[PDB]
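Novice: Mind looking over this structure? Questions follow.
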Amino acid sequence: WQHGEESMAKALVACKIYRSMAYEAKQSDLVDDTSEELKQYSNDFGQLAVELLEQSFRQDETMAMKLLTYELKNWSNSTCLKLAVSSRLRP
Amino acid sequence: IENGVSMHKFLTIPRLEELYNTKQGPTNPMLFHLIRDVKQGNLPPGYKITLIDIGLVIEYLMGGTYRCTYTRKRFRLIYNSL
Amino acid sequence: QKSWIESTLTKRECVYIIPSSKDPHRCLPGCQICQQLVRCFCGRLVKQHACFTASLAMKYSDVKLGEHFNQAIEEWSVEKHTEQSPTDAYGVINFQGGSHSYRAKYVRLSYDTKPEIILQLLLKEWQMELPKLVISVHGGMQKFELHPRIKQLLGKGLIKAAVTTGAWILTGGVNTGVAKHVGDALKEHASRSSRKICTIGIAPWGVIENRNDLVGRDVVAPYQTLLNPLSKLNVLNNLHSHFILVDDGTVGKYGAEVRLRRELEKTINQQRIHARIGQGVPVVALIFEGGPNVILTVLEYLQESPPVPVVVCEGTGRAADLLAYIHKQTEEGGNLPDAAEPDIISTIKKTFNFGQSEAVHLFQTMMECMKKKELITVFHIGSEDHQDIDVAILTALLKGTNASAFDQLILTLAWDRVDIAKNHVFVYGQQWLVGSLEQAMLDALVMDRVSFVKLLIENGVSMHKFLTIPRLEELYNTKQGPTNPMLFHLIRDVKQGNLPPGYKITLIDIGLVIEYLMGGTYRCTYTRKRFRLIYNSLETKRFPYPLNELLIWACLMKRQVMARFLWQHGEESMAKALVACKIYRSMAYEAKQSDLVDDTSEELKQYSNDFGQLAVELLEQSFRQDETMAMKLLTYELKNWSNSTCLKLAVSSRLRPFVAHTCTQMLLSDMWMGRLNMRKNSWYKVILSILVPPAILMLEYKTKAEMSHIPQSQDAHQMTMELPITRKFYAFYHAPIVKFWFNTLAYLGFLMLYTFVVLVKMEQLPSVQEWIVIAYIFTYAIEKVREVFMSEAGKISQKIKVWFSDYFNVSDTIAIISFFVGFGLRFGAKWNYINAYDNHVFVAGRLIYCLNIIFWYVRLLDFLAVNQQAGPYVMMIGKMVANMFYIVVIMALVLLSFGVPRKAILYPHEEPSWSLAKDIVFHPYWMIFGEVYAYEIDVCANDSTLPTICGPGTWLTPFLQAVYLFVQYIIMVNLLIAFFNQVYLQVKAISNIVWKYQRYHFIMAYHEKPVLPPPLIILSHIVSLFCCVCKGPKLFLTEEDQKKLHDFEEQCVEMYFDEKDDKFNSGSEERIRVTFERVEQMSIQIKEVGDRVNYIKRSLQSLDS
Amino acid sequence: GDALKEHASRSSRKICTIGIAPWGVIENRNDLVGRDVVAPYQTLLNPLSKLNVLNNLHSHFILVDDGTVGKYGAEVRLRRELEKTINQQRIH
Ligand SMILES: CCCCCCCC/C=C/CCCCCCCC(=O)O[C@@H](COC(=O)CCCCCCCCCCCCCCC)COP(=O)([O-])OCC[N+](C)(C)C
Ligand SMILES: CCCCCCCC/C=C/CCCCCCCC(=O)O[C@@H](COC(=O)CCCCCCCCCCCCCCC)COP(=O)([O-])OCC[N+](C)(C)C
Ligand SMILES: CCCCCCCC/C=C/CCCCCCCC(=O)O[C@@H](COC(=O)CCCCCCCCCCCCCCC)COP(=O)([O-])OCC[N+](C)(C)C
Ligand SMILES: CCCCCCCC/C=C\CCCCCCCC(=O)O[C@@H](COC(=O)CCCCCCCCCCCCCCC)COP(=O)([O-])OCC[N+](C)(C)C
Ligand SMILES: CCCCCCCC/C=C\CCCCCCCC(=O)O[C@@H](COC(=O)CCCCCCCCCCCCCCC)COP(=O)([O-])OCC[N+](C)(C)C
Ligand SMILES: CCCCCCCC/C=C\CCCCCCCC(=O)O[C@@H](COC(=O)CCCCCCCCCCCCCCC)COP(=O)([O-])OCC[N+](C)(C)C
Ligand SMILES: CCCCCCCC/C=C\CCCCCCCC(=O)O[C@@H](COC(=O)CCCCCCCCCCCCCCC)COP(=O)([O-])OCC[N+](C)(C)C
Ligand SMILES: CCCCCCCC/C=C\CCCCCCCC(=O)O[C@@H](COC(=O)CCCCCCCCCCCCCCC)COP(=O)([O-])OCC[N+](C)(C)C
Ligand SMILES: CCCCCCCC/C=C\CCCCCCCC(=O)O[C@@H](COC(=O)CCCCCCCCCCCCCCC)COP(=O)([O-])OCC[N+](C)(C)C
Ligand SMILES: C[C@@H]1CC[C@@]2(OC1)O[C@H]1C[C@H]3[C@@H]4CC=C5C[C@@H](OCCC(CO)CO)CC[C@]5(C)[C@H]4CC[C@]3(C)[C@H]1[C@@H]2C
Ligand SMILES: C[C@@H]1CC[C@@]2(OC1)O[C@H]1C[C@H]3[C@@H]4CC=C5C[C@@H](OCCC(CO)CO)CC[C@]5(C)[C@H]4CC[C@]3(C)[C@H]1[C@@H]2C
Ligand SMILES: CC(C)CCC[C@@H](C)[C@H]1CC[C@H]2[C@@H]3CC=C4C[C@@H](O)CC[C@]4(C)[C@H]3CC[C@]12C
């Protein structure tokens, strides 16, 4: 994650990928297990996206708002905000 | 990555497709269940994993109306071609 | 094309073919090997050029005839055959590596690119802000290597020196040489960490391997970072942020930058270094391992346009270290030991194979270098001289340019290096002509560098002779340095919101800003009559107390670190801190009010509370020494601060920890009593003495000595000067405690009568009781008019908005207005004589009184709020009622959710009627209070009280009401109670501070009221009117006492400052991280000694070898 | 005087410190002239003034106006006599 670009987006996708697998474990309820491990992995990346927002907002408030709303185009033409609402990532 | 490697010229389709479908090393029992559902809950007993069937996993995990770049028209063709 | 690089700047193309090293060899037929390797004196192949005009030789033969006389072959020159044809390499590199990207920029250009456009590329195009230092690095051009100690120490110093001065390092940009080792040092030291050491490499284009990659328009240049040693040409060092690359028009050739690199430096040391400062940007030059040309260019600095110093370090390699040798053994005039050239020329032949006669020339030129050693600097890294290359670098630019000590400070001031200034510029035995110090201080203050101001104040400067009217007026009106966007808005409003587009700022217009910020009726010393004249007119312009006027400046311009510093200096410390709290607090409001482009209010809010606590902590200190003197400090006129008072100032800022401090409280208690000694008397003896005046002469009064700390009136002062009987009554009826319990008893007797009037019938004319009521209310009103007009503010529209900003003054206005509507109807009615309550004008009058009286019972909560125990409960009730709005809206919704279906089910034949509005609220509201209307719920039951509204659907109403009460009586009432329970706990946590703060306005009110209460008060108004028509508290201190107070100030002003440092030194975890700081010098030096102990023991056996 | 400065002897404390000098020498003596005043001793370290800069840490300055200026040794006895009538009173 540290490497490349689109850091804030990659962190809010990851939070969504882990959070859904953390649900399908508790849903599928088969031989599989290890969901609260996934729950933690989502909240790990989730805080990373929040701490990048903080940083980016303390520099220029106006540009940070634009970061929450530009189309991504590597991520199904979605938005970092829209992704964070999917994960119910409240902070 | 510090000593001359670049991920740009090193991520080819057979390679990263390999890197998905290896039980060598820390392995997930969940992904093989995820590929089950999206593949109609029907596995060939061997069943090499493509990049394609993964794209349908993400579209199920990301939810809503997400469209992975692994299920697109261009990619789906050049994959078969290559 | 919007690509100024592409437009104005240009590249170079070999547009002609001159076979170089054309030696026909293998593969018998000529053309094949005459087409295999035929380089040019440009450096490329004819087949590698092709260049749209060089392709015309690939097909035929080299762009020339055949043999083509060798008298003419040699004649290349980039002047002759090279066409410019814009650049194609203005991208941005993405050097891949560690857990980051080391992004950098570049450009191609020619060796004769103008020195001004290269600047217009660095600053204008690349946004790079002009430096205050340049480090021209000229060392080894091959892969030289060093050892660990020098690897770290030299690294830090070179880095740190660039950190402080925001410098621009200059290298070749190639990781075979200095650039590798320059760049490395940045890597480990974390110079990037919320920071940038701007770093640039002037290289040539043709060499840098994968140059063809970087080709192309603006792109994320995928420079591949391959360390493949096959590519000797070079790997661009991936730490340098910028790469100017001299596309001279050659490839494989070297030395395209040697002049340009210098010329750029020449036109870097030719611009100003922050306009307040007038100097050229100084330029050092350093030397690492280095070759014979690296020593050669030292002779190109020492004897060059404005002399450029040299910082050859010790211990690096062949060049940098050898120049220390010739430095060391040779005198200040370069006087060699005569056997030097007879044994150094071995060193040259030892280090280099440069030769012997060659080597003789080297040392000879190397002394031609060393003819002036006042200007070079051997950083003796061994023996730790300057202890980082930095201190030698910066010092090197302050010695050897025949510069003056003012010209030496002024540079240190520009750099943020006091340590350089105090240790070198402020050296024993220095000149400092007349106003050099003074000119530096006008520079240090406007630039907001306290640490130089602090130093200068210690090193001969005095603010007393340095604050002149043009000067401090200058110091206001400078956008150089940290600038306030708020003050220019403040000057707008006070200047009618009209700006001349230029509009130089005066001292005068500022005075109107302070009078707007301090508020009320403050009068700055800049708007006075004398000052306003001498200003226009203009020796005497030296400001009797300058440190007062600069503290205003630093605060009006949000220069806290300057404000907080200047506050320490001078006198009137406690006052200056309570003004500052007021200035910032008002700007912190006008930001949130003006709400324009401006911002940064919570920063001001914090600045106010910073100074506020300072005034509180001085009060503490001053009170723990002598309680009585501290009280006098809260009440002496200031006379530099609009004849105000430190207490009065702190009330303006609503600075509660100061007013709720036990010093003020003990003083507020002493003003409450007056000349009554209530520690001996009691409040029941005061009440008795009001109702029985002769007991007044039985009470224990006070002298002048135990009343000297108390601010008194002119009279209360004077009546004590000249204890007889008439003076014993004057002491009693003029105390605030008496005026309270004398208005309180009249107010209680007012309500007893006014209660009697509403409960007893009214005949046509008022009774004696009702007249006494009307008299109270009438005069009570006049009393309220006066305390508006005789308020503290000056603008009537602000005397008004403050008074109506209290709950009980709004209620009294309604209670007074509503009473005389009632009196006018009660009295102006035509009596009926058959029955009083048939005339509806008389009834409306009586019914207004009976509701009017509720205002007057509730005004008693204001009397009770005076008590320390009751007042917190009056605060609660208001906060409960004010903030329960939204729970009660839900409750009213739940109510109609039930009341409307019930009325609709039970009463289905209803025409529209006003009763429908009553019957949907009435019974559902009384349910809230536990009335379930038990015999009305089921209306078809035998025990029903409503057997007639039985009908279809009525069986639904029990189910409805069961749900309603569960929701209403249990959920919603206890949700409201839960809210109220938290209000309770919140108020009790703050109740005592707020009570203590409100004693001030309370006690000062009853210091200004008349001595007669509202029925009899009219005589006090009359006498206090015809006095003025015909014709407040001050601490009167004699000069003998007024003097000692100032002595008590300074002593306690002093003892405070000393204390804070002393406790702060000790600390708790500070001490633990002061230990950890000490854990290094031990570990270093336990490695110092521990390095030698192995050097010791090897000796001992070698001495016995 | 220096040693008092760094050591923070002032810190909630006073080391009482006195300098018996002569009046005539101390440069800017003419400044200190005048009745009870905040003597604006300017602290100029200008080395032109050899005569002396009063060290700014000593709290008290008895200055022997013997009736000379540029002369030296006005205190040599007085300084001692003060000490003689300091070692002549009781010690609590
Ligand atoms: C910043 C300040 C802060 C402090 C606040 C202070 C401000 C307080 C402000 C107070 C304002 C009070 C306004 C009163 C208006 C009365 C209206 C009314 O109903 O009139 C009635 C009588 O009108 C008359 O003129 C006859 C009654 C005699 C005059 C008594 C009212 C004036 C007293 C004023 C004393 C002012 C007190 C203040 C003194 C300083 C009209 O009705 P009617 O004629 O009865 O009807 C006739 C019908 N019929 C013929 C069928 C019978
Ligand atoms: C700030 C706090 C709350 C918000 C403020 C706003 C509150 C909203 C206020 C709403 C008021 C209701 C409308 C009143 C108008 C209708 C009355 C009328 O004209 O007729 C009735 C008389 O009425 C009376 O005699 C007075 C009855 C008033 C009851 C108010 C108290 C109940 C609680 C209310 C508090 C709930 C608060 C909810 C909080 C949980 C009778 O009908 P009629 O046609 O006259 O019949 C004549 C024949 N007869 C003589 C046989 C009868
Ligand atoms: C716990 C204790 C209760 C026992 C439990 C078992 C339920 C027992 C219930 C059984 C339902 C059968 C009883 C009604 C039959 C008609 C009788 C009658 O006179 O009705 C009267 C009203 O009432 C009605 O007309 C209907 C009342 C239905 C209320 C039951 C709701 C479900 C209760 C919970 C379900 C339980 C399980 C779920 C619990 C989680 C008719 O009218 P009136 O009011 O006389 O007056 C109107 C005018 N008149 C006089 C002209 C007519
Ligand atoms: C403004 C409030 C302040 C506090 C209270 C102040 C007043 C407290 C003092 C007393 C309260 C009671 C007042 C007297 C009532 C007399 C009753 C009457 O009508 O006639 C009577 C006598 O009446 C007289 O003798 C006339 C008195 C002249 C006015 C006196 C004003 C003094 C107070 C000026 C203000 C300054 C003093 C205070 C300064 C702090 C005969 O009685 P009755 O009629 O058989 O009985 C009444 C019953 N009834 C209504 C059923 C008929
Ligand atoms: C004869 C009998 C017949 C006549 C009967 C008349 C009926 C009686 C009528 C009214 C009650 C009498 C007193 C007036 C109310 C208090 C005003 C107030 O809150 O002032 C305060 C604020 O002021 C404001 O905030 C200004 C705007 C008002 C706020 C909304 C509530 C009041 C509006 C009306 C709503 C009810 C409708 C009533 C109006 C028609 C100033 O006080 P403070 O100490 O600064 O505290 C404020 C702190 N705070 C700002 C942070 C909160
Ligand atoms: C800010 C100032 C506001 C108010 C200013 C002043 C307003 C002036 C107001 C009134 C003056 C009008 C005088 C009378 C007019 C003609 C009618 C008449 O004479 O008789 C009629 C009176 O009818 C009524 O309704 C009388 C009551 C009206 C006042 C209501 C309260 C207003 C104040 C609210 C409080 C405000 C508090 C605000 C505090 C901030 C009927 O009576 P009758 O003749 O006996 O009946 C004949 C019929 N019969 C044969 C069937 C019996
Ligand atoms: C005719 C009946 C009237 C009497 C009512 C009897 C009932 C009980 C009544 C009241 C108890 C309170 C009285 C004694 C308080 C003394 C001490 C005190 O609190 O001091 C305070 C002042 O004093 C006040 O603030 C008291 C307020 C007096 C007005 C009372 C109106 C409400 C009661 C009316 C009735 C409504 C309820 C219905 C009942 C009819 C604080 O001020 P201070 O300057 O700090 O004080 C001295 C200095 N020291 C304290 C720091 C040392
Ligand atoms: C005849 C009938 C019986 C009479 C009843 C007895 C008389 C009534 C009793 C108590 C009256 C209130 C006491 C005030 C105490 C002082 C408060 C104060 O200074 O400021 C407060 C505001 O103040 C308000 O909000 C005032 C309250 C609004 C009007 C009261 C209506 C009462 C009924 C409504 C209920 C009925 C609803 C439902 C009905 C259906 C402060 O509030 P804050 O902003 O959070 O704090 C800021 C602090 N500050 C003070 C420094 C600014
Ligand atoms: C039978 C019980 C079934 C089992 C019970 C359980 C099933 C519950 C369902 C229903 C309960 C039974 C209703 C029958 C009423 C019989 C009485 C009757 O006819 O009354 C009247 C008509 O009454 C109606 O027409 C009622 C119509 C239904 C209203 C909608 C209910 C929705 C409940 C929402 C559900 C949410 C539940 C809570 C959610 C958590 C007429 O007869 P009367 O009263 O004599 O009036 C006088 C007649 N006269 C004009 C001739 C003079
Ligand atoms: C708030 C203020 C407190 C003080 C005060 O004002 C209000 O309170 C008032 C109440 C008045 C009394 C009420 C009623 C009567 C009864 C009547 O006689 C009845 C018949 C008899 C036959 O045998 C049996 O009782 C005589 C007069 C008297 C006593 C009043 C006197 C004045 C008084 C004390 C007033 C006093 C000035
Ligand atoms: C969001 C909230 C939803 C509920 C609610 O608030 C808002 O919606 C309001 C609408 C109101 C009604 C409007 C019109 C009339 C007509 C009038 O008829 C004349 C009388 C006649 C005498 O005979 C003339 O001669 C009688 C009153 C009535 C029915 C109102 C009652 C209260 C109601 C229901 C209010 C209720 C509290
Ligand atoms: C709507 C009209 C016609 C009917 C009567 C309205 C009622 C609600 C009015 C009449 C008298 C009013 C009271 C008059 C006096 C005060 C004192 C004040 O400090 C708070 C409000 C309070 C307590 C009022 C509350 C509302 C009140 C009780």
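Easy rule for this one: first residue shown is 1, then count along the chain.
Method of determination (from the header): electron microscopy, 2.5 Å.
Cβ coordinates are placed from backbone N, Cα and C, and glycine is handled just like the others.
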Novice: According to Swiss-Prot, which residue out of C:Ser537, C:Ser642, C:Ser1083, C:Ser1099 bears the annotation phosphoserine?
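Specialist: The phosphoserine feature in Swiss-Prot corresponds to C:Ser1099.
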Novice: Pick from C:283-304, C:503-524, C:767-788, C:987-1008: which range does Swiss-Prot record as transmembrane segment?
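Specialist: It is C:767-788 that Swiss-Prot describes as transmembrane segment.
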Novice: I'd like to check whether C:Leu765 and C:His840, as annotated in Swiss-Prot, sit on the same side of the membrane - that is, whether they share a topological domain name.
Specialist: yes
Novice: Same chain only, please: residues at least 6 beyond the ends of the transmembrane segment (C:808-827) with a C-beta under 8 Å from a C-beta of the stretch. Say none if there are none.
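Specialist: Apart from its flanks, the transmembrane segment (C:808-827) reaches 762, 766, 774, 777, 780-781, 784, 841-842, 844-846, 848-849, 851-852, 855-856, 858-859, 861-862.
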Novice: Would you mind listing the long-range same-chain contacts of the topological domain 'Extracellular' (C:828-840), meaning Cβ under 8 Å and 6+ residues beyond its ends?
Specialist: 761-764
Novice: Does anything in the same chain, at least 6 positions from C:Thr1038 (phosphothreonine), have a Cβ under 8 Å from its Cβ, and if so what?
Specialist: none
Novice: Taking DSSP states H, G and I as helix and E and B as strand, how many residues of the topological domain 'Extracellular' (C:828-840) are helix, strand and coil?
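Specialist: Its residues fall into 4 helix, 0 strand, 9 coil.
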Novice: So if I exclude everything within five residues of the ends of the topological domain 'Extracellular' (C:761-766), which remaining residues of that chain have a CB under 8 angstroms from its CBs? That is, six or more out.
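Specialist: Here the qualifying positions are 774, 826-827, 831, 836, 842, 846.
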